[PDB]
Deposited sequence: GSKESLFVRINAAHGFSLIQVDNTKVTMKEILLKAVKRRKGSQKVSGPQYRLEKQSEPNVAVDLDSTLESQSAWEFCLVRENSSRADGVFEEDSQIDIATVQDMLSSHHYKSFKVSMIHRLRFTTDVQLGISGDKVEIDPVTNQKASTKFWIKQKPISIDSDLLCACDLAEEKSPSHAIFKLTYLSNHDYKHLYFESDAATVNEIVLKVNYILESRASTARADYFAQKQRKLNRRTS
């Protein structure tokens, strides 16, 4: 699932789209019905403009991929973007907004899991609003790692333990394991770790009932 922001003269509308194959005309149609309540075309027709290119009408038959953008201006054909009140600079940038809206979305990361503070194993870390899965990636000279699934309701904390350089960072994942709290350490580049830590923290501020007991103990 993908998200675009539609800026109008009287506010913004966040629109969910299936994929980038969706036509800009369909996106227009959804925005107008949301802004005005009804799908009624009405006396004024409306146009979509890329946020980066003012006063220019988007090809409505073009795909959303054709536009290399996720923010668009909804403007009546008779008027201009400058006649409205919105299209503001206090609003959060679109990439951060899409990141917040996609927290529960499943995403996998290739990171290294640290064991006994002296060893590493390459794991691919699948995270979603449902669960966090830790799986190996590609036998007489190798035992694979036991696959581990942690239900999201068992998660207590996911913090950045250390950041040394853009290629090295460590984060700690705490969770409830049979009335006891286990801690998992992972290592990757700073950008990857920052995304993981932020993604889980979005999920944690969505659920409860075990983190609070952990924080009470702290």
No C-alpha positions exist for deposited residues 1 to 4, 143 to 147, 228 to 237
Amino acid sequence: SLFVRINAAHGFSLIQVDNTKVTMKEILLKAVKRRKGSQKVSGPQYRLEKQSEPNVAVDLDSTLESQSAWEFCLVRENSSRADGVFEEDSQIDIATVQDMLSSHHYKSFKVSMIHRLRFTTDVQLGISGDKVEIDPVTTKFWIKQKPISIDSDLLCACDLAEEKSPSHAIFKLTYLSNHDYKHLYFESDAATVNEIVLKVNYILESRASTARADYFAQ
From here on, numbers count along this sequence of modelled residues.
Higher-scoring stretch by recorded Cα B factor average, 29 to 37 or 173 to 181
173 to 181
Can you tell me which stretch has the higher mean Cα B-factor, 102 to 110 or 81 to 89?
81 to 89
By the entry's values, the third containing the CA B factor of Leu2 is the middle
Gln145 by Cα B-factor - lowest, middle or highest third of the modelled chain
highest
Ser13: CA temperature factor from the record, placed by chain third, in the lowest
Is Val22 in the lowest, middle or highest third of its chain when residues are ranked by C-alpha B-factor?
middle
Which third, lowest, middle or highest, does the CA B-factor of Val58 fall in along this chain?
lowest
